[PDB]
Amino acid sequence: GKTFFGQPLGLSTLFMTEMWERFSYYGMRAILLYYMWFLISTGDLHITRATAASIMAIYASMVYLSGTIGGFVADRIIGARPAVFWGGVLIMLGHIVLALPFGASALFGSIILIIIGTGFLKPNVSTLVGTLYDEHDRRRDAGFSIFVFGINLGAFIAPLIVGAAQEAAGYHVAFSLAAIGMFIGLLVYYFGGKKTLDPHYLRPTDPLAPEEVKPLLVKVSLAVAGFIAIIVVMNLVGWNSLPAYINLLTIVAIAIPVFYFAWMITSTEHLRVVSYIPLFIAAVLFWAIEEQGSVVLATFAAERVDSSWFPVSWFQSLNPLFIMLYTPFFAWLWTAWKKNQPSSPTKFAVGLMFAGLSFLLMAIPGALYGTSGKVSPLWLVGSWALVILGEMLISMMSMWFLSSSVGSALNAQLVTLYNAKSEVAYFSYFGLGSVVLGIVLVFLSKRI
Ligand SMILES: CCCCCCC/C=C/CCCCCC(=O)OC[C@@H](O)CO
Ligand SMILES: CCCCCCC/C=C\CCCCCC(=O)OC[C@@H](O)CO
Ligand SMILES: CCCCCCC/C=C\CCCCCC(=O)OC[C@@H](O)CO
Ligand SMILES: CCCCCCC/C=C\CCCCCC(=O)OC[C@@H](O)CO
Ligand SMILES: CCCCCCC/C=C\CCCCCC(=O)OC[C@@H](O)CO
Ligand SMILES: CCCCCCC/C=C\CCCCCC(=O)OC[C@@H](O)CO
Ligand SMILES: CCCCCCC/C=C\CCCCCC(=O)OC[C@@H](O)CO
Ligand SMILES: CCCCCCC/C=C\CCCCCC(=O)OC[C@@H](O)CO
Ligand SMILES: CCCCCCC/C=C\CCCCCC(=O)OC[C@@H](O)CO
Ligand SMILES: CCCCCCC/C=C\CCCCCC(=O)OC[C@@H](O)CO
Ligand SMILES: CCCCCCC/C=C\CCCCCC(=O)OC[C@@H](O)CO
Ligand SMILES: CCCCCCC/C=C\CCCCCC(=O)OC[C@@H](O)CO
Ligand SMILES: CCCCCCC/C=C\CCCCCC(=O)OC[C@@H](O)CO
Ligand SMILES: CCCCCCC/C=C\CCCCCC(=O)OC[C@@H](O)CO
Ligand SMILES: CCCCCCC/C=C\CCCCCC(=O)OC[C@@H](O)CO
Ligand SMILES: CCCCCCC/C=C\CCCCCC(=O)OC[C@@H](O)CO
Ligand SMILES: CCCCCCC/C=C\CCCCCC(=O)OC[C@@H](O)CO
Ligand SMILES: CCCCCCC/C=C\CCCCCC(=O)OC[C@@H](O)CO
Ligand SMILES: CCCCCCC/C=C\CCCCCC(=O)OC[C@@H](O)CO
Ligand SMILES: CCCCCCC/C=C\CCCCCC(=O)OC[C@@H](O)CO
Ligand SMILES: CCCCCCC/C=C\CCCCCC(=O)OC[C@@H](O)CO
Ligand SMILES: N[C@@H](Cc1ccccc1)C(=O)O
């Protein structure tokens with residue numbers, strides 16, 4: 001009977017939904033940094049480019065931090081399917097804001113909306129993929145890999161389309177294309193959802209019991225009150241610049257996993273919990289490097305590469321393109337190597353080494369040719385090829401979302417150090433350290 005690549009037909013609906021959401025997001029991010037440079041150039045937005053680069057990073061960090069609680073809100077309060085729909089609506093509006101005839105003023109509002117929207121939609125659409133299968137079903141792992149392919153397909157075509165559009169018709173038109181993308185996603189999700197998805201997920205699957213509401217309400221209130229108290233104090237002492245607020249967001253994001261580990265520490269498994277701290281750190285650093293591709297490598301693409309024959313934002317398509325191209329080989333590998341099954345601990349270690357190699361590679365063109373000229377595009381092609389090899393190896397969801405969020409929070413401080421004069425040193429040292437720490441994990445691997 002009829003399937004979607006051997007899978008339940010509902011997967012097709014979820015496939016397209018997340019593909020288009022990812023289209024809207026990565027299409028936006030492929031030109032967002034350049035947009036801020038533009039606003040800076042016209043004098044409309046008073047920050048340095050270092051700060052603009054910092055904003056791209058903490059933006060990404062908040063988006064995934066939002067996703068750490070999205071599953072909770074859906075499962076306990078509003079339902080997974082409404083979470084996805086209304087999350088999509090918030091994302092679309094966020095994009096519409098940037099298409100409207102405003103400048104810097106629209107930036108904050110657009111970002112907030114998308115942070116909130118993605119937090120609702122992203123974990124829950126992935127959760128919905130699991131709902132197509134029973135606990136028992138074998139196909140479950142194949143389904144998610146297809147889902148991941150869709151994620152990268154959307155991520156792949158968006159820079160091409162949106163980038164071309166910005167150069168031809170301008171930023172507002174381009175941003176509107178991103179909005180249209182999310183809209184298309186909503187249409188297919190809504191009508192395809194009604195046809196192909198279990199109505200059980202129109203409502204929360206674990207609703208709050210009567211005695212759970214008040215303590216939850218206390219919990220969120222204290223967290224919000226405390227967060228706001230700090231902002232009050234920050235203004236009192238004069239720590240009120242945008243870099244100061246970004247520093248606040250970095251800390252909060254980093255504090256969360258620290259506080260989590262630090263007091264959820266029977267000798268049976270205090271060790272076992274402590275065993276995964278190296279694997280979390282490894283993921284954090286790899287995602288840090290991978291996420292800099294839309295910031296540091298995006299800067300290198302615009303400034304240091306001679307690609308005068310197509311929009312420079314197209315370079316953002318290389319990351320997901322390599323994911324798709326690698327899928328065939330890695331599919332073969334996991335089938336073919338039945339015995340091998342290398343450990344998650346060294347998978348993380350090797351993946352980190354590739355990411356560190358990808359940066360060491362980028363140190364070479366500046367070392368060889370100097371930094372005042374322009375080099376071949378294949379340097380970036382080579383850099384993406386290396387880092388994506390790591391990703392294939394690396395591939396709770398909250399914890400996954402957390403790892404990425406922490407990496408991007410780290411980037412928000414690191415990417416400010418990147419500039420023309422720093423270029424080689426930047427790449428050589430953050431590249432080298434990643435290889436070393438990757439190898440350090442190779443010592444403590446089964447000392448675990
Ligand atoms: C999606 C981005 C893929 C980038 C792949 C680029 C592969 C091409 C590398 C050769 C570029 C060297 C110089 C560029 C070029 O051929 O045209 C420029 C020159 O003809 C000016 O008239
Ligand atoms: C207007 C602000 C936009 C919202 C920013 C995103 C939300 C920020 C902080 C809430 C995250 C709370 C983290 C607690 C949590 O359960 O997630 C981590 C959990 O997996 C621990 O392992
Ligand atoms: C419509 C208003 C938009 C903002 C509302 C949605 C903001 C996100 C969450 C609101 C508080 C939910 C509490 C999240 C939480 O308790 O995390 C649970 C944690 O244990 C994760 O497993
Ligand atoms: C700016 C846009 C404002 C909102 C426009 C869309 C609102 C119109 C009707 C509300 C539809 C509610 C759908 C919520 C939902 O759970 O849909 C889930 C989907 O799977 C339907 O089966
Ligand atoms: C518990 C709540 C966690 C708080 C998380 C804070 C997330 C809210 C906003 C983050 C936005 C990222 C930076 C956006 C930004 O600086 O753009 C505004 C600026 O360009 C306008 O001059
Ligand atoms: C290079 C981009 C075009 C490649 C073909 C894209 C065609 C779009 C959808 C059809 C493929 C969707 C399923 C993807 C897929 O079969 O992945 C294979 C592997 O991941 C098995 O899970
Ligand atoms: C379906 C409703 C949500 C989806 C978005 C629909 C709106 C998207 C495009 C409609 C036209 C956008 C306006 C484009 C625009 O005016 O910017 C270009 C112009 O301002 C620059 O000179
Ligand atoms: C100026 C640009 C337009 C600003 C307002 C845009 C609002 C237009 C459409 C919102 C999209 C609604 C979500 C699409 C959808 O599938 O809902 C259909 C469902 O409600 C049918 O009952
Ligand atoms: C912070 C943004 C304001 C929007 C409200 C977010 C509320 C976040 C946390 C408090 C959750 C308590 C309300 C839960 C609720 O609606 O109960 C419904 C049902 O489960 C009662 O049994
Ligand atoms: C969930 C907490 C809600 C508290 C409402 C107030 C939180 C406001 C902002 C959250 C952090 C973003 C700070 C970015 C910002 O406002 O930039 C300020 C900048 O204009 C200084 O010149
Ligand atoms: C939960 C108890 C609260 C304890 C204090 C919470 C954390 C204390 C301070 C947060 C640091 C805020 C960011 C620091 C900052 O503003 O940087 C200043 C510097 O950039 C000058 O603009
Ligand atoms: C007793 C609690 C465990 C031991 C304390 C561990 C400290 C917990 C959280 C610290 C947050 C990490 C610092 C954030 C950070 O590195 O950013 C630095 C920068 O943003 C400051 O301007
Ligand atoms: C799959 C293997 C790919 C290997 C790519 C990485 C190659 C390993 C190391 C690259 C060396 C970069 C160091 C650059 C350097 O020496 O700095 C030069 C500096 O003195 C001039 O400013
Ligand atoms: C996992 C498999 C990875 C194998 C990749 C092997 C990588 C080999 C060399 C990478 C370093 C790049 C060499 C630098 C280079 O080619 O510059 C010379 C070029 O400018 C010629 O004019
Ligand atoms: C498996 C590695 C493939 C080959 C990668 C070898 C990378 C090592 C060095 C790259 C050459 C660096 C450029 C030459 C260089 O920096 O000379 C020093 C010069 O800056 C002094 O003025
Ligand atoms: C599927 C590939 C995985 C391994 C990729 C490793 C590639 C490492 C280096 C290749 C790119 C660096 C050399 C690029 C290069 O040759 O510069 C272009 C040269 O023609 C100067 O114009
Ligand atoms: C044959 C099928 C398996 C393919 C194995 C993957 C091949 C590994 C690396 C390919 C990247 C090319 C190496 C980069 C390179 O040598 O550039 C040299 C360039 O400077 C020549 O002018
Ligand atoms: C278990 C949680 C993992 C935490 C991993 C994060 C590592 C801890 C702190 C990172 C702080 C990085 C600060 C780097 C720095 O200050 O330099 C950049 C600064 O110049 C920005 O202008
Ligand atoms: C156990 C010894 C460490 C083994 C790590 C293996 C990493 C492979 C190649 C690393 C090449 C180092 C590149 C030279 C370097 O980093 O100098 C920094 C210089 O570029 C300053 O800008
Ligand atoms: C153990 C977890 C490590 C996570 C944080 C790793 C990065 C933290 C700090 C590195 C930046 C501190 C300053 C180092 C530095 O000078 O690098 C910049 C330099 O390469 C540019 O000239
Ligand atoms: C400067 C020389 C550059 C080349 C250095 C790269 C190779 C150097 C060290 C890699 C081997 C580290 C030893 C890993 C090891 O076997 O430790 C034991 C571990 O397997 C048990 O978990
Ligand atoms: N490239 C990934 C980034 C990511 C990693 C982990 C969690 C969430 C997002 C994606 O678009 O899905």
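Atoms within each ligand, like the ligands themselves, are counted from 1 in listed order. Hydrogens, waters and symmetry mates play no part in the numbers below; they use all other heavy atoms, side chains included. We number each residue from 1, following the sequence as shown.
Figure legend: cation-pi geometry between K195 and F191 absent, as NZ or CZ is not positioned both under 6.0 Å from the six-membered ring centre and within 45° of its axis.
The aromatic ring centroids of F430 and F359 lie 6.0 Å or more from each other. Less than 6.0 angstrom separates the ring centroid of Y418 from the ring centroid of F427.
Screening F300, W384, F310 against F315 for a ring pair (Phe, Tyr, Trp, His ring centres under 6.0 Å) leaves a single residue, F310.
Residue-ligand proximity, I96 to ligand 7, at heavy-atom distances under 4.0 Å covers atoms 3 (C). If you number the atoms of ligand 7 from 1 as listed, the ones under 4.0 Å from a heavy atom of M92 come out as 3 (C). Ligand-side atoms of ligand 12 in range of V258: 6 (C), 8 (C), range being under 4.0 angstrom from any heavy atom. Residue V173 has at least one heavy-atom neighbour below 4.0 Å for each of these atoms of ligand 7: 17 (O), 18 (C).
Looking only at heavy atoms of the protein, atom 12 (C) of ligand 12 is closest to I254 CG2, 3.6 Å. Considering only non-hydrogen protein atoms, atom 9 (C) of ligand 7 sits nearest to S176 CB, 3.7 Å. Residue, atom and distance of the protein heavy atom nearest to atom 15 (C) of ligand 13 are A367 CB, 4.1 Å. Looking only at protein heavy atoms, the nearest one to atom 10 (C) of ligand 13 is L360 O, 3.7 Å. Residue, atom and distance of the protein heavy atom nearest to atom 13 (C) of ligand 13 are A363 CB, 4.2 Å. Nearest protein heavy-atom neighbour of atom 4 (C) of ligand 13: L357 CD2, 4.2 Å. Looking from atom 3 (C) of ligand 13 to the surrounding protein, the closest heavy atom is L386 CD1, 4.3 Å.
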Just do the side chain to side chain contact (heavy atoms under 4.5 Å, CB included) check on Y59 and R29 with the steps written out, would you?
CA-CA 10 Å; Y59 186 8; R29 275 193 68 92; 3.9 Å; yes
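Residue contacts with ligand 12, taken as heavy atom pairs separated by less than 4.0 Å, involve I251 via backbone and side-chain atoms alike. Counting heavy atoms closer than 4.0 Å to ligand 13, residue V424 contributes side-chain atoms (C-beta onward) but none from N, CA, C or O.
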Contacts under 3.5 angstrom, residues 37-48 side chains, donor-acceptor by atom type, not counting sequence neighbours:
| from | atom 1 | to | atom 2 | distance (Å) |
| --- | --- | --- | --- | --- |
| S41 | OG | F38 | O | 2.4 |
| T42 | OG1 | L39 | O | 3.2 |
| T42 | OG1 | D44 | N | 3.4 |
| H46 | NE2 | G43 | O | 3.2 |
| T48 | OG1 | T51 | N | 3.4 |
| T48 | OG1 | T51 | OG1 | 3.3 |

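To the nearest 0.5 Å, atoms CD (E291) and OG (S61) are separated by 9.0 Å.
Listed by chain and residue number, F85, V89, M92, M182 satisfy the side chain to side chain contact (heavy atoms under 4.5 Å, CB included) test with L186 (two or more places apart in sequence, or in another chain).
With a 4.5 Å cut-off on side-chain heavy atoms, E391 and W287 count as touching.
When distances from atom 17 (O) of ligand 13 to the protein are checked, a heavy atom turns up under 4.0 Å. The presence of a protein heavy atom under 4.0 Å from atom 6 (C) of ligand 13 is confirmed.
In this model, no donor atom of one side chain and acceptor atom of the other lie less than 3.5 Å apart for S313 and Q166.
The residue among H95, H172, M182 with a heavy atom at the shortest distance from atom 21 (C) of ligand 7 is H172.
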